[PDB]
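Asker: Quick one: the structure is below, questions incoming.
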Amino acid sequence: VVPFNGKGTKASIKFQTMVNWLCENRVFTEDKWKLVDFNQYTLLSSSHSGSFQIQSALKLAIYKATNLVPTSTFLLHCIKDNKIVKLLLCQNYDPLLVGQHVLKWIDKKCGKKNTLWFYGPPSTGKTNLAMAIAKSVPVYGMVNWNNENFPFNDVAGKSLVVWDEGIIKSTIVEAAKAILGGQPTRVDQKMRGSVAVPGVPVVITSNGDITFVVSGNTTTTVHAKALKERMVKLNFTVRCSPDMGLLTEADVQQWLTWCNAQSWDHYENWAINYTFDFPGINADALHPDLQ
Amino acid sequence: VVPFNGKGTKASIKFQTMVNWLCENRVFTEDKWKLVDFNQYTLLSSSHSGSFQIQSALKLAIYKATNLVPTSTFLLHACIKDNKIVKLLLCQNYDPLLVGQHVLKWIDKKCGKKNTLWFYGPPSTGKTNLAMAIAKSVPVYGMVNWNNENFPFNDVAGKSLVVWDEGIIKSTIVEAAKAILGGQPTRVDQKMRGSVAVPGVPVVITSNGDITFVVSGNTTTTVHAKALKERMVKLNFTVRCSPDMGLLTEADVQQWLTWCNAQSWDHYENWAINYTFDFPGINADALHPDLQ
Amino acid sequence: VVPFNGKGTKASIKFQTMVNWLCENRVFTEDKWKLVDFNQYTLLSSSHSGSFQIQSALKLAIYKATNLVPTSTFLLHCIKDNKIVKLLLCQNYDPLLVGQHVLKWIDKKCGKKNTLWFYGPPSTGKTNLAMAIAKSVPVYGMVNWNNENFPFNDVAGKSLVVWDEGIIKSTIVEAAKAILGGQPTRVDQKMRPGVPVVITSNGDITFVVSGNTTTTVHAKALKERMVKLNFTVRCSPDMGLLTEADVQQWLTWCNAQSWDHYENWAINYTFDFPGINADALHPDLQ
Amino acid sequence: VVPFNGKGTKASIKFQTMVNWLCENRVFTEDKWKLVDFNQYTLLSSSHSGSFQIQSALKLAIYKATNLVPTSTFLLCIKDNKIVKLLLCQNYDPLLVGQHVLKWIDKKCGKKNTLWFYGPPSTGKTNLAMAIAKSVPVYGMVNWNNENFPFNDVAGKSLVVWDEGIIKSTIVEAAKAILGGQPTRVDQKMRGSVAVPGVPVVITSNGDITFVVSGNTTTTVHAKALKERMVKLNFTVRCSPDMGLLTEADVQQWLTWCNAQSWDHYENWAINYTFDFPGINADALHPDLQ
Ligand SMILES: Nc1ncnc2c1ncn2[C@@H]1O[C@H](COP(=O)(O)OP(=O)(O)NP(=O)(O)O)[C@@H](O)[C@H]1O
Ligand SMILES: Nc1ncnc2c1ncn2[C@@H]1O[C@H](COP(=O)(O)OP(=O)(O)NP(=O)(O)O)[C@@H](O)[C@H]1O
Ligand SMILES: Nc1ncnc2c1ncn2[C@@H]1O[C@H](COP(=O)(O)OP(=O)(O)NP(=O)(O)O)[C@@H](O)[C@H]1O
Ligand SMILES: Nc1ncnc2c1ncn2[C@@H]1O[C@H](COP(=O)(O)OP(=O)(O)NP(=O)(O)O)[C@@H](O)[C@H]1O
Ligand SMILES: [Mg+2]
Ligand SMILES: [Mg+2]
Ligand SMILES: [Mg+2]
């Protein structure tokens, strides 16, 4: 599979440099391009043949950031002052295992446990944490934005699907089962080449148990066992301070930078047998920096 | 036929070379091209002219791979005891020599009316694994489960293989089923392509139960049972398999078919004179010492 | 009329030569072009100006081969050795007369009798002979490929229309009276010649289904437009496909024979085709 | 099974007598009742109860005539009969055919429930079929029903007549069951059993009905299936310009004579019902017709 020779001219080389510059500065939308580099956009729009190049370059940049680059590389660049590390300790979970699992999860390497689920009372910061992760990936999507009868459209081309205040109904149980489990949709099967893999990670925030499928005017539990195998459940029980504020990329990347530097032995021991719930803080193995 | 005495420019020769290169590297989709070679794709998509060239090259490469070059040449290659497929066939009591030799004719549409292979048996006996192994070797194939429920046979043309997994035939589409399973092209095929006859696509079917019985409402009917038997060939996978045989690979398929091509064809010509709905099993003495 | 004074460039003359090449080699479809000369097709498909010429040349070649050139010349290139000659002798039909009629029938010189009809028991070789002619003419079209309720789409541009094992429904009988009679469709008249039609069937086609009952209202009108041939004797399985050459040698030989015999019967075109006259059998056919 | 111990009043006995009278004179339609006896109809129509009694009597008479009595009862020197002359011209045994007609109308032929007449036009195909249809109490015609629903209101008839018929691929499935004598699903859901009504069918056509019309072409998939359920007759000989409309009297005389003769020659053919009806055997032809 040696690459074709194809010696290109300067016009194509400049376009390729622009495509690389798009990925390097995370410019994936027309609005972001206008907000960042207005002069180049104005110059490119002086002609139809120059306007076609914008639409040509954006698609290639998005595809490169989605499939040709590991997503975790966009995340990885004191520790005891990081808000997420402080926040996760307030919920009585080990920050190191959570951070280590997320990096393994975002690269679709957890196996069939593709979907994370955040559950707890309101005003515990579940939604705030989910937004920070979604803000850091190249492109993210929502189930809230999609149409009510077709909430699982526009899945392809996204690195993370966020479902806020979610709930599952019986009319969409067959679609949710495939997407939450990482199984590719038939669109990818009939567009790409047979059972592929891309799929997409999913993060869910909820104020109630989502394993209860809503059918008619009755709550049912036919699929409770089937759903649980696909998620890792976190209980956000402790209310957070009202003035914590929103989380940003610098907070998440700093937190994720520390986690990657530690040994994988602690995570890989539990990773052998995946459990529906996530283990809590173990004082016999807490990292010395967090003691 | 004397070819038209035209001569192309530098760009035309480059485009023809690119079409050949696409054929040689088994690239037939946009995603495959982006995965294999991103640089050439970017260079081609840098301008409006190249965006049309990409589509033309892909459309020509698919046609060249499917209609101009025999499919079996993509299977053969350019420790026979240890081949996984040979062991799997022996576990299910079938001769690896006859199975491989029949494929080299069925995949080439040379078997006449019997255009389909049928896999039957209990679950977890290895029906799906072998079926997908053949598919991964041919250039492009289509599986029925992708299509719409009411329209099962879309995009059948232009494919080297049709895959139907654990499917069941309904009476509402039994009329179209006898067409593809029989190897005769659909009505639209002749019209768009002028000739009353254009060969069909080979089909492979896996099933846990007898599909010769057609679903008709909430009732099973056997009126079409006779018609399916001369269009099909049956194999029985009656032995379960331990979880010690992972997914099969194209390397196993190529090695298996390579050996079957080199051996003599007398053992196949005897059966090929009058095809039988049942595929004969292992013969104790006919097994060659290379597999004894 | 004096042609225009326009002088073309190198590219235009090359395109005109390409059209002549396509017309000469009977390359009227994209699939045939790919199967015959893949190199030229790949060269042309490199850009827009090359791809447009493919469609333009195909359309011009079809028009030239259908309207500006007599179709019979496309068919003309041991007479007893030909398979078709024996086949017509078995059915008690004179090979010379039927051969001459086909040339006039394909050339629209038989007046209103624009339709041929093969009648007989099943498996008597009717479709084998009929399909042989369809592969000899430049372009042919079958009724069976068309939509069930629109059987007569894309009739213009075909050198021959074939209707195999067909039956006439009273809901569409009025359209059949036109095409089988050779009258041009009203759409052809608005935008701007008939197309020969051949019908093979097992029963009597003059009966028209009307509901769940047969009726004979249209039996009289359909008789004038058609010629009936009887294929009664079953064919041996070893005959196989009839080659386009077998038609070519048969038609070419019948062309050179004396034509005055056919003109005598041509004075009053009967619905029934006359059988073999033993006093008129050609010596070479014996 | 013992009849109920109840007793009917004087008025109910009159209605019971009226029901028997309707069956006795083959009065199954309102027009027939008006034509035959106007005084009684006018007297009955004087009020609500009399009008309702008309409907009740008609329904009960139809049921009694079609379900509780064998049809052959309504059908019950011979050289002068015109029907005998007709079959002799068509080269068929007058005695053998009549016995089959008696068994067929009584649903005693098993699967082969349908007759078929074939031949060139103007040879007596339709005339004979209508004469038999007139003799039985009630008959139905396929041509009267709607095109998309050719088999509506099949039950309740002693015979169903199909003239110049042709089978469309859309309705080929419904044709298989009814022509084969299989009961309709509608009656099974209503009556409760799995096989009850039973309807003989007679078909006359000028073309081969084994072929099924599908789209704009002919198919032979269903050819063998229909052959099992049908019997074929060839009317290949011409017929005089007059051959006056055959009457019920002509039919009744012919079948009565056939039933009187010995039945032994029939059941030999009934061992295995052949698709094609055997022709005249000049050796076995009855001496009266020799
Ligand atoms: N403007 C803000 N943006 C983000 N987080 C904020 C903001 N103001 C306060 N917060 C913090 O976020 C907490 C609640 O934010 P939110 O993300 O809605 O939490 P939650 O528990 O997921 N909410 P709920 O949707 O009610 O279940 C507050 O208690 C603060 O600690
Ligand atoms: N990717 C894989 N993961 C796990 N097991 C595999 C994989 N590929 C092959 N196998 C095993 O290889 C064997 C092939 O079985 P398979 O062909 O799937 O059987 P089957 O009867 O057609 N299956 P089913 O789809 O349940 O009807 C089984 O033992 C599988 O467990
Ligand atoms: N595909 C074929 N290959 C070889 N021989 C063929 C083929 N099709 C037909 N024949 C031969 O051609 C002769 C008659 O062919 P066929 O087209 O079936 O005739 P026909 O009278 O038009 N049939 P039918 O369609 O039943 O009316 C016989 O000798 C056949 O053996
Ligand atoms: N009104 C009539 N009643 C009785 N017989 C008639 C009548 N008119 C003509 N006939 C003659 O009766 C014979 C049969 O009549 P008919 O029932 O029309 O024949 P058929 O063979 O069933 N006709 P077709 O339906 O065209 O196949 C023929 O000799 C007719 O000439
Ligand atoms: Mg929330
Ligand atoms: Mg045919
Ligand atoms: Mg009649």
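Residues in the structure tokens are numbered from 1 in each chain, the chains being A, B, ... in the order shown, and ligands are numbered from 1 in the order shown.
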Write out as a ChimeraX atom specification all residues of range 42-217 of chain A that DSSP puts in strand (DSSP E or B) for this structure's backbone.
Answerer: /A:115-119,140-142,160-164,169,202-206,213-215
Asker: Set the cut-off to 12 Å, count only C-alpha atoms and all ligand atoms, and list whatever residues fall near ligand 3 as a ChimeraX atom specification.
Answerer: /B:112-113,184,196-197 /C:83-84,87,118-132,163-166,199-203,230-243 /D:217-220
Asker: Identify, on the basis of only C-alpha atoms, every residue whose closest approach to range 113-120 of chain A does not exceed 8 Å; exclude the query and any residue fewer than 4 positions from it along the same chain; express the result as a short mmCIF file (atom, residue, chain, number, x, y, z; two decimals) with C-alpha atoms, in the first residue's frame.
Answerer:
data_model
loop_
_atom_site.label_atom_id
_atom_site.label_comp_id
_atom_site.auth_asym_id
_atom_site.auth_seq_id
_atom_site.Cartn_x
_atom_site.Cartn_y
_atom_site.Cartn_z
CA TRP A 105 -12.85 5.10 27.34
CA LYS A 108 -13.12 3.26 22.56
CA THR A 124 -24.41 18.22 42.40
CA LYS A 126 -23.15 16.36 37.08
CA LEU A 180 -25.00 2.91 23.78
CA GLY A 181 -23.16 -0.38 23.21
CA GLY A 182 -20.85 0.97 20.52
CA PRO A 201 -18.74 7.36 23.01
CA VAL A 202 -21.79 8.49 24.99
CA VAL A 203 -22.10 10.39 28.28
CA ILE A 204 -25.43 10.60 30.13
CA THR A 205 -26.60 12.83 32.97
CA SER A 206 -29.84 12.04 34.77
CA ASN A 207 -31.83 12.85 37.90
CA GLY A 208 -33.52 9.44 37.82
CA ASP A 209 -32.82 5.80 37.05
CA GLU A 229 -24.00 -4.21 31.03
CA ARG A 230 -23.32 -1.22 28.77
CA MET A 231 -22.82 1.55 31.36
CA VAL A 232 -20.63 2.36 34.36
CA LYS A 233 -22.72 4.08 37.01
CA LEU A 234 -21.58 6.96 39.23
CA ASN A 235 -23.64 8.28 42.16
CA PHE A 236 -23.25 12.05 42.58
CA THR A 237 -24.82 12.38 46.01
#
Asker: Using only C-alpha atoms, which protein or nucleic acid residues come within 10 Å of range 7-19 of chain A? Drop anything in the same chain fewer than 4 positions from it, and give the result as an NGL selection string.
Answerer: (:A and (23-24 or 27 or 53-54 or 56-62 or 64)) or (:B and (39-40 or 42-47))
Asker: The selected residues should be written to file as a PDB file, in the first residue's frame (atoms: N, CA and C atoms).
Answerer:
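result_29.pdb, written as the output of this step:
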ATOM      1  N   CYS A  23      -6.605  21.813  11.374  1.00  0.00           N
ATOM      2  CA  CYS A  23      -6.564  20.856  12.474  1.00  0.00           C
ATOM      3  C   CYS A  23      -5.700  21.368  13.618  1.00  0.00           C
ATOM      4  N   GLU A  24      -4.588  22.032  13.290  1.00  0.00           N
ATOM      5  CA  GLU A  24      -3.641  22.442  14.324  1.00  0.00           C
ATOM      6  C   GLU A  24      -4.252  23.455  15.288  1.00  0.00           C
ATOM      7  N   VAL A  27      -9.916  24.500  14.035  1.00  0.00           N
ATOM      8  CA  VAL A  27     -10.914  25.289  13.292  1.00  0.00           C
ATOM      9  C   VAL A  27     -11.702  24.288  12.456  1.00  0.00           C
ATOM     10  N   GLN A  53     -13.045  25.841  -2.074  1.00  0.00           N
ATOM     11  CA  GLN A  53     -11.946  25.281  -1.298  1.00  0.00           C
ATOM     12  C   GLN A  53     -12.237  25.286   0.197  1.00  0.00           C
ATOM     13  N   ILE A  54     -13.044  26.233   0.682  1.00  0.00           N
ATOM     14  CA  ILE A  54     -13.384  26.253   2.105  1.00  0.00           C
ATOM     15  C   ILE A  54     -14.173  25.003   2.479  1.00  0.00           C
ATOM     16  N   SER A  56     -14.232  22.272   0.754  1.00  0.00           N
ATOM     17  CA  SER A  56     -13.363  21.118   0.559  1.00  0.00           C
ATOM     18  C   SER A  56     -12.458  20.891   1.764  1.00  0.00           C
ATOM     19  N   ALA A  57     -11.927  21.971   2.342  1.00  0.00           N
ATOM     20  CA  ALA A  57     -10.940  21.839   3.408  1.00  0.00           C
ATOM     21  C   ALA A  57     -11.587  21.472   4.736  1.00  0.00           C
ATOM     22  N   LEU A  58     -12.774  22.018   5.018  1.00  0.00           N
ATOM     23  CA  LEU A  58     -13.392  21.771   6.320  1.00  0.00           C
ATOM     24  C   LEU A  58     -13.720  20.295   6.514  1.00  0.00           C
ATOM     25  N   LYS A  59     -14.270  19.651   5.481  1.00  0.00           N
ATOM     26  CA  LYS A  59     -14.607  18.236   5.583  1.00  0.00           C
ATOM     27  C   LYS A  59     -13.366  17.389   5.828  1.00  0.00           C
ATOM     28  N   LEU A  60     -12.284  17.669   5.099  1.00  0.00           N
ATOM     29  CA  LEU A  60     -11.058  16.899   5.274  1.00  0.00           C
ATOM     30  C   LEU A  60     -10.457  17.121   6.655  1.00  0.00           C
ATOM     31  N   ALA A  61     -10.507  18.356   7.161  1.00  0.00           N
ATOM     32  CA  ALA A  61      -9.996  18.621   8.502  1.00  0.00           C
ATOM     33  C   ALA A  61     -10.796  17.862   9.552  1.00  0.00           C
ATOM     34  N   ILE A  62     -12.125  17.863   9.417  1.00  0.00           N
ATOM     35  CA  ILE A  62     -12.969  17.144  10.369  1.00  0.00           C
ATOM     36  C   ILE A  62     -12.671  15.650  10.318  1.00  0.00           C
ATOM     37  N   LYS A  64      -9.889  14.168   9.344  1.00  0.00           N
ATOM     38  CA  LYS A  64      -8.568  13.923   9.915  1.00  0.00           C
ATOM     39  C   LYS A  64      -8.619  13.934  11.436  1.00  0.00           C
TER      40      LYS A  64
ATOM     41  N   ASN B  39      -2.679  11.819   1.571  1.00  0.00           N
ATOM     42  CA  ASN B  39      -2.011  12.889   0.835  1.00  0.00           C
ATOM     43  C   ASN B  39      -2.562  13.015  -0.579  1.00  0.00           C
ATOM     44  N   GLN B  40      -2.655  11.896  -1.299  1.00  0.00           N
ATOM     45  CA  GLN B  40      -3.168  11.941  -2.663  1.00  0.00           C
ATOM     46  C   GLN B  40      -4.626  12.380  -2.686  1.00  0.00           C
ATOM     47  N   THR B  42      -6.070  14.426  -0.525  1.00  0.00           N
ATOM     48  CA  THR B  42      -6.068  15.870  -0.311  1.00  0.00           C
ATOM     49  C   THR B  42      -5.660  16.615  -1.577  1.00  0.00           C
ATOM     50  N   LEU B  43      -4.619  16.135  -2.259  1.00  0.00           N
ATOM     51  CA  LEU B  43      -4.178  16.778  -3.493  1.00  0.00           C
ATOM     52  C   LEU B  43      -5.279  16.762  -4.546  1.00  0.00           C
ATOM     53  N   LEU B  44      -5.988  15.639  -4.669  1.00  0.00           N
ATOM     54  CA  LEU B  44      -7.065  15.558  -5.651  1.00  0.00           C
ATOM     55  C   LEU B  44      -8.232  16.461  -5.271  1.00  0.00           C
ATOM     56  N   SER B  45      -8.553  16.548  -3.982  1.00  0.00           N
ATOM     57  CA  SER B  45      -9.682  17.348  -3.529  1.00  0.00           C
ATOM     58  C   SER B  45      -9.329  18.819  -3.358  1.00  0.00           C
ATOM     59  N   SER B  46      -8.082  19.202  -3.640  1.00  0.00           N
ATOM     60  CA  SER B  46      -7.695  20.607  -3.562  1.00  0.00           C
ATOM     61  C   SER B  46      -8.389  21.474  -4.606  1.00  0.00           C
ATOM     62  N   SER B  47      -8.932  20.881  -5.667  1.00  0.00           N
ATOM     63  CA  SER B  47      -9.515  21.656  -6.752  1.00  0.00           C
ATOM     64  C   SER B  47     -10.792  20.985  -7.231  1.00  0.00           C
TER      65      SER B  47
END
Asker: Give as a PyMOL selection string every residue of chain B that touches chain A within 12 Å, counting only C-alpha atoms.
Answerer: chain B and resi 11+14-15+17-51+132+135-136+139-148+154-155+162-163
